[PDB]
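For reference, the chain that follows is the form deposited in one PDB entry, supplied as structure tokens.
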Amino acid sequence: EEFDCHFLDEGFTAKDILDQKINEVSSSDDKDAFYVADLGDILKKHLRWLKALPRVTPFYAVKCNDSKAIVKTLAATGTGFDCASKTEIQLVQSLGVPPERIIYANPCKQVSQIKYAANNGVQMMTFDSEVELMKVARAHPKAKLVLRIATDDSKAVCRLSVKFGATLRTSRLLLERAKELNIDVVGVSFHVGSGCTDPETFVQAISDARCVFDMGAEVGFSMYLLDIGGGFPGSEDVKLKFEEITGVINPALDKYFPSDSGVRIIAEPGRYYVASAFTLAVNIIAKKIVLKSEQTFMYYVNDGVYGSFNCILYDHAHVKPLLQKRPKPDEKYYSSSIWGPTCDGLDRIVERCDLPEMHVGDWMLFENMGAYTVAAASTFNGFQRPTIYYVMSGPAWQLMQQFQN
């Protein structure tokens, strides 16, 4: 099923295919959860990106969703790839992507994995520490290093212990140390984060990147690569929309990294490309009614926080259950909870929402489930991952062909 793709007829959307599949399973017993993945939506996101950020080459963050069909489509489109490990490099290269379209954007890499990158010609890596410089000097000495600088996320849960990113003070020492060890530093990267509330953060980061560029010029480096990272939204169901962010980013890029300077600008978008392309259908497998006389309901579905909905814990996701069958306007709603299939009491998807009374065998839909869902799912309790059905229309395939030409 991984390399299986289905045709999407004219005048049909992913929602229609979802509905169709549901209605054909009504008689049968087998009602496992499943995804519909529209690869056309990914081509749409690429066009949108080419329009909004024409100076910025996108490098897809594979960790977001490592589905071979996703990476194959993006590779045909001509995007780069951000890989964080040996396995992701193997995946991307197995699909025929050359090393110069891969950035190894993990600042803290196991020596053996750095060695693997060196053996397969992946030259560009990020770093933010001296120990990383020593490891690179011993294990991949001809590497092109990108210094990752810190960004301020005022909304982060742990503000005093940031995992990644060098301060400006530390950046100067890192550049001088890299000069000592005869290691080539070719640019700067930063990551604003997914939970960005104010686009001005990007401007500050770009300004900071410029500052580090100047330091590199002082130490004797020929800096050309600016990596503005990821964190762009993957659906329209957010307060801060993609185009607002890009409208703030482009003037900053023109001001601080003008095209005549010879700078090459890239980004590492993960969720932007895939979030909205995947829709999840889960089946209500069990039901309890609790009287409070106000009726309330507990619904158990066949995916949970150990599966696709791990994003509730790891990605701070807020999931919105949608009904497959549109409800009548006068239908009565009830206070309801939604639970996953496992034995664990913390396997709860929705604490409290308003739903009409539903029945075992009814379906619930979750949109915008492409990013950091299947990539981090486990088989706790023995429950297997939902099948993914890939779809693509004819015109979407034509568009992909145009990109290949």
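Between two forms, the rigid core is defined as the largest C-alpha subset superposing within 1.5 Å. In this text, residue numbers run from 1 along the sequence as written.
Although not depicted, the form deposited in another entry is the subject of the following passage.
Just one of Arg169, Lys142, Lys255, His316 moves its Cα by 2 Å or more between the shown form and the other one on a rigid core overlay, and this residue is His316. In the core-superposed comparison between the shown form and the other one, the C-alpha atom of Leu50 has shifted by less than 2 angstroms. Superposition of the core reveals a Cα shift of less than 2 Å for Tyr389 between the shown form and the other one.
The rigid-core alignment places the CA of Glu367 less than 2 Å apart between the shown form and the other one. In comparison with the shown form, the Cα-Cα distance of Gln90 and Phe383 decreases by at least 3 angstroms in that other deposited form. Note on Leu74 and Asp315: their C-alpha atoms are more widely spaced in that other deposited form, a change of at least 3 Å from this conformation.
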